[PDB]
Amino acid sequence: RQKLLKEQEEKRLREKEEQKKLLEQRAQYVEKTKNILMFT
Amino acid sequence: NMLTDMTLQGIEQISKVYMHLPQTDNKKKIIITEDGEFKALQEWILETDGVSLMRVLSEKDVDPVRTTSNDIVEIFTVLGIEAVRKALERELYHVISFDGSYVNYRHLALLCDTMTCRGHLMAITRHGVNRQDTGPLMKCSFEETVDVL
Amino acid sequence: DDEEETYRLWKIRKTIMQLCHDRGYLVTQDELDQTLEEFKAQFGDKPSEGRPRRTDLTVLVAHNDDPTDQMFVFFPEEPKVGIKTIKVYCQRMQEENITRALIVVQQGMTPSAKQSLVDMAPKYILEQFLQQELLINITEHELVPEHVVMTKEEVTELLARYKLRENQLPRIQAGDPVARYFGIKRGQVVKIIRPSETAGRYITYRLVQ
Amino acid sequence: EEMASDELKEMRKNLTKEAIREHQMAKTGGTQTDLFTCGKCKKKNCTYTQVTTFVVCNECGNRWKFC
Amino acid sequence: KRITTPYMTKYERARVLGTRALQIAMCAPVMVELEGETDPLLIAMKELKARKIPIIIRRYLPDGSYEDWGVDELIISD
Amino acid sequence: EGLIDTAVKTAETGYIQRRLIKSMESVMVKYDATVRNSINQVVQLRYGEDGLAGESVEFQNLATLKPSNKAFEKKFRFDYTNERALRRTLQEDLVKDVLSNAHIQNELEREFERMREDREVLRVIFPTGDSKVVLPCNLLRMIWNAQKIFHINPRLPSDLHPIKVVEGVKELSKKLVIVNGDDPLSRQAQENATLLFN
Amino acid sequence: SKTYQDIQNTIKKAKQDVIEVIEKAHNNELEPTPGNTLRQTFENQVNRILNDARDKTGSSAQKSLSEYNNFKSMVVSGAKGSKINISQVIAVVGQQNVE
Amino acid sequence: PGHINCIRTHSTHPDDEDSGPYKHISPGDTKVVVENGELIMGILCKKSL
Amino acid sequence: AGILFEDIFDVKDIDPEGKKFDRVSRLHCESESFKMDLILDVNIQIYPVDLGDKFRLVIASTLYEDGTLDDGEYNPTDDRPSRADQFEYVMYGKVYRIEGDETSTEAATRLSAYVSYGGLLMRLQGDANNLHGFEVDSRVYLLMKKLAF
């Protein structure tokens, strides 16, 4: 049972990894929409 | 020209389209049930007397995973040399097994591999096997004998 | 039809995202998985002059393994782009270190445009797809096995285990649909993992040449 | 089509239904039987024809023969 | 570090038996007791079963390397 | 018609049959155990993707492919908790091992997990649920030969310890080597080449 | 002779059924099968009727043969011939197709 | 020869025989069973030879 | 000893499936003190029986009345006390199956011992205690004899 719990919270960490990578990618998209602007 | 040539519907190579419910299990849909059974589904499938594979695959409600062309050249241009290997293997197996006979897969895989080994469809003809850089004494044994020499 | 154009553009966009992520060009899952609904919501269902207009449909994007490896994806305004027309984009690309540009040309480049493409390509590797070819992810097809681009480090290990010159591997031509999908180039090697009915799995390698 | 007379709507509906019926592929004939159990899906819904008995399962499309 | 199969392929077995039987027919010293037979192929086969054939098999790999295999080292199949 | 097609089948088919051979005459299996041609371009890494000669393979059935997710469990699982059931098949000492030894029980569970994964594999290899497969050894006939050689009498409780089955098969998987080598690329390709038989 | 009477009755019914399908086509009462021309529909109907006739007669013939019958013994050994040969020899040679 | 084991169905084996009773004791002596190289049951035909 | 099983029997049907062979008929018979069931093929040509025929059936491990095991080779020329000398129909055969109602937990209550007499089959089916003398792949002799009653 404890092993199941630790696996569950590990999967929640692995979700948080994708969440923070998405936040990263939007963070650079804010800089780069400017670039699309001056390009387009 | 408008009468004969102006396309109202369809796509120029698809001369006519049938509409079948499969009776076999080899053009049926197969779906692992919630309990693990296989349970072949009987779903409508179309057929054609002409080929326009890329446009057909693009159609909404066409299945782009399963739709296939019975035409190794078409599949080459659309799906590339490895999809050609698979398609050619399935067509060849279809012709061989249709009469109920059976041939080991080694011999089909080997043929389809030699025909796809160089990244293009290597025809099994003077036009195809003498283009291969095998060496002149082997090409003269086949065709174009003195020409290759 | 702006509606059917909306579907087409959405389908292309999704396919582009999958192509990117299979290259490892990072896409967020919410972008990679985009349904037509959030497409319409974002772009307003008005391709010609509304928010899905092809140059504003652009993305500036980075490779997941190198955020400085960056591609500016252009659906061109011109269905058949010309040298001038690709050139001006490259002009505005040149403001940045970005180099890659997958071009989703509707008609394809004018051959002159293609020449200007290959001229600027080695400095800014702009690359062409016909959007027709992007309505479908060919790697989704049951006939197309799992291709994987090998790294040069492991290509050498492959040639070293079999004691095998790169000249003796099977070939795949760079214009092959899946080669173009993965964007591989001459001398690169693709690992291919086929289901096999005699063995269960078969891994074969094809060198781009 | 929606503004048409009720007679013309019903005529179009009948023509559309007939066109659909004509374009439906004939179901392959044979004697339906429960005597045969399908080896793949274990269902008894089969159709046979004798020429050697050929059997098709109507549920999974599996085909086999008896000599 | 020999990497090839440790079994005598049927081609190596055919060639080894024919070559050794030829050598026997040319009055080569036999490596096995003759219980009283005279065909060089029967003798060559007995020697093969006794693993006493004085022949090594140079197997070329496709890189052009080779491996030498005695006829007592690898596992005779039939 | 039959007399005409008899004659016609003669001429073309033989042409069909020379061209194939000239295209494939020098393709052969090298001592590398890879299938190359005259110029030495590698056609297949292993003969037929498995490295086995076409004569020795037979027609077998994959037991795990077809069955449901519940008939699969009650057939490949080896419950250790039914002491009554165990004493039927296993002798009175094997049962108390199986009944008590947590290592035995967890090893059997690991085996079942491995079978469950192989099952999903098979279902991605053979969709359409096609149990009939072609593979070297006829396992069910080797088992039946074993029942007839040692006079098994499948009605007395057997002395074969479950983990001797598990570990015997594990060790056997090691000796069926197709791609020789300890390299990761070669362990991977050995695992692939002998994946369906395993 | 009972087997011959059954065979002849079966063929007579099949001939009558083909005559009725012809009547249905002649009167334009034969609705085409989907995809088929009316001619292809008629030909498919007639080929089905006559294949069913040849098959039913072939079965009734085989069902008559004793365990002593030396066609049966060569067929069920698989040594030579087949049930269709027994059918053609005893019941009915059937439709002759060219192309 | 030896101790072969194989099972085959004679050509006339009625397919509804493996379902009912008599499955292992076939009325018509279809179902070839060889056990220890011994023909226990069944008529041999092309299906078995 | 080697007497595996014995009972009074009577024939209660012959060839219920129809007469599949000319010199061999299925006998369907019932036991009387154990009310077991028997399906036996006899050479109905040299040993004819009819429905209601009562017989002793003594399935024995060996013919010899001293119980010494035979080698399973046919020899004639032998004085030795043999059970056959007091029967009318004796067969020799290989027990080839023992089916029963085994459950996963508790044993079969009933067994069906199947015997092949050189191809003439027998199934003896009944409460297991009467069939304990049978083990699969063992030689046995049928030794049946009609009771004139």
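A, B, C, D, E, F, G, H and I are the chain letters, set down in written order, and residue numbers restart from 1 in every chain.
Everything below uses one rule, namely that a residue touches a chain if its C-beta (ideal position, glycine included) is under 8 Å from a C-beta of that chain, and two chains touch if they have at least 3 such contacts.
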item: Interface with more contacting C-beta pairs, comparing D-G to G-H; value: D-G
item: Central chain (by mean CA position); value: F
item: Distance from chain D to chain C - Cα centre to Cα centre, in angstrom; value: 44
item: Chain centre separation (chain A, chain I; CA means) in Å; value: 79
item: Computed distance of Cα centres, chain E from chain B, in Å; value: 48
item: Inter-chain centre distance, chain D versus chain H - centres from mean C-alpha coordinates, in Å; value: 37
item: Multi-chain contact sites of chain E, meaning residues that touch two or more partners; value: 61-63
item: Of all residues in chain C, the ones touching two or more other chains; value: 163-164, 170, 194, 197-198
item: Interface hub residues of chain I, defined as touching at least two other chains; value: 137
item: Complex contacts: residues of chain H adjacent to chain I; value: 22, 24-29, 33, 35-36, 38-41
item: Residues on chain A engaged by chain C in the complex (per definition of touch); value: 18, 21-22, 25-26, 28, 32, 35-36, 38-40
item: Contact set on chain F toward chain C in their complex; value: 32, 34, 36, 39-46, 48-50, 52, 57, 121-122, 124-126, 133-134, 181, 183, 185-186, 188-189, 192-197
item: Chain B-facing residues of chain F, complex; value: 19-20, 22-24, 26-27, 35, 37-39, 41, 43-44, 47-49, 54, 57, 66-70, 72, 123, 127-129, 134
item: Chain D contact footprint on chain B (complex, rising order); value: 18-28, 30, 37-40, 42, 100
